[PDB]
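Encoded as structure tokens, the following chain is the form deposited in one PDB entry, with no partner shown.
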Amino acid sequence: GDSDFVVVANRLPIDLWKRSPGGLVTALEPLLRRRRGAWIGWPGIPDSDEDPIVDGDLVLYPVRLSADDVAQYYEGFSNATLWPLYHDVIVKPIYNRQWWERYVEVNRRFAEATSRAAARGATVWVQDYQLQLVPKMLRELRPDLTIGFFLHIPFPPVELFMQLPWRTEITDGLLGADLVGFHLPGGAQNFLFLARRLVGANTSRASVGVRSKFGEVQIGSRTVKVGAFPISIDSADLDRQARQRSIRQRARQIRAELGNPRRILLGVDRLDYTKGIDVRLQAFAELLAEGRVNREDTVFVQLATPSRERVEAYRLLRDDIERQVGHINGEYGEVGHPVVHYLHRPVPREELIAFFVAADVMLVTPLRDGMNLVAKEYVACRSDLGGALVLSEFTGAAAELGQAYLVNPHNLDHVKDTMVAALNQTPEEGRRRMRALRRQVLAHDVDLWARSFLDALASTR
């Protein structure tokens, strides 16, 4: 094709159609103004055509997937094999050969679509865990290409990764890239060690820096660069949006509809067993039982956005959470006044922002998370410097947001102590922490992240 910069991701950046706002596609916008850019991905509808769609600023190359392809490659291998394994086997991975075979077939299809789109010597950026085979496949089809890969989820320790029957094929797949990136040095280091242990490659031995001090894996003639690039958000855009009059009015109205509580705790997560939602509810229930939280003036709002309903583990998790909600309200609420409000539905963006602005305490307690953007979005929204962020150590965000109230979600006693501390912090201490968090998040945004990855990738030429 005629594209000199190509993004490859599981989905096209569109909504059933119009171009989806925010996210990655928006971060790459000023680069697409200087490159002939293409995006390869599944359009979210089964058995579509693979004819290029030109969005003026971007050419879209759709990948044809059947509903069966999605079930086995995505719902199956990606979400029920790789996802639990890479997140410290919080649930038991399912190892299924038919899923693996479809994962391979689908990955090859993405590689072929990429080759179609990519001009000679083009730069290719492959995204995330569903497409780990693409770099090697693409290099085999197109050795002229410069290929980066970024993993948006954690890379597990070798002891767990080795369970995968197709461990070598996945590792070889990633090693097809010129640059392999992770959010954290820890992931990068796991990858280097895996390369020595499983593949027998020569690697660098030093610690991996942040956006610097890169690792290397020697693969025959070529070197694979390995780095840590912690993703972020468009901090300035969110900061601006959260100041809008209508947002502030909605935040006030939200507190009124809750019966004007003195304190609001907020959870916002795509529903997932990685997110530690059960831990928040348990801590909140025990604090109420112990009379350490006032059931008359404190309320917890949990917004869970629907996710992967076709995967049994997620249905079971939804059942457990919903029981806890029912239980806590039955024990500590009053008719007309729950202590927990729980919604299981997508939330409009401006509604989400209003909740961030209304919340006195943001509860972000994942058991394991690659980064977690919600923690950073909350911070970017609190230009009033109010609020408090309670944040699990087991998120990538915790490496940057050390001024938050950090918790080990497995240490329930300390999660409880910490929620009480956040609820009762002095105004001045709250401001001190929020000012420091905002300096970090405003300076380290999605633009810095993308530039850093692309600079590293360009240097491999």
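Residue indices: 1-based, along the sequence shown. Only the largest set of C-alpha atoms that superpose within 1.5 Å between the two forms is called the rigid core.
The same protein also exists as the form deposited in another entry; that form is not shown, yet it is the one meant from here on.
Positional change of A436 between this form and the one not shown stays under 2 Å at the C-alpha, relative to the superposed core.
Comparing the forms between this form and the one not shown on their rigid core, the Cα displacement of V25 reaches 2 Å or more.
Remark: with the core as the superposition reference, the CA shift of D413 between this form and the one not shown stays below 2 Å.
Between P30 and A122, the Cα spacing is larger in the other entry than in the shown form, differing by no less than 3 Å. An increase of at least 3 Å in the separation of the C-alpha atoms of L31 and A122 is found in the other entry, compared with the displayed form.
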